[PDB]
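Just one chain is shown here, as structure tokens, and it is the form deposited in one PDB entry.
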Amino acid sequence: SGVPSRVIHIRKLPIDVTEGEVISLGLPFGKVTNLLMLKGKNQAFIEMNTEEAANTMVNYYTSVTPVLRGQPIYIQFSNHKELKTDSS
């Protein structure tokens, strides 16, 4: 059944790109509730307002990968409950 997936961990992405793109892809998936580009190890994390959104994000990308102006940026699920906002 449903899979606890709210945060979408974007891989193979040069954290720093533009949101309009990252979110642009999520548009059809549903709605973006947040987009934090962790420059750390080139990894982004977006939060979908609906479960059907988060899933479709990675699920659909299960085969087809999204790129940026010619830069393929993988979109995978998260590895934690939910994205924490700094410290409130």
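Position 1 is the first residue in the sequence shown; the rest follow in order.
There is another form of this protein, the form solved in complex with a partner chain, and it is not shown here; the text below is about that form.
Using a 4.5 angstroms threshold between heavy atoms, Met48 stays clear of the partner chain in the bound PDB entry. Contact between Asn42 and the partner chain in the bound PDB entry is not found at the 4.5 Å heavy atom cutoff. Though the partner is left out of this view, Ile23 does reach within 4.5 Å of the partner chain in the bound PDB entry, counting heavy atoms only. Shown alone here, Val58 lies farther than 4.5 Å from the partner chain in the bound PDB entry, counting heavy atoms only.
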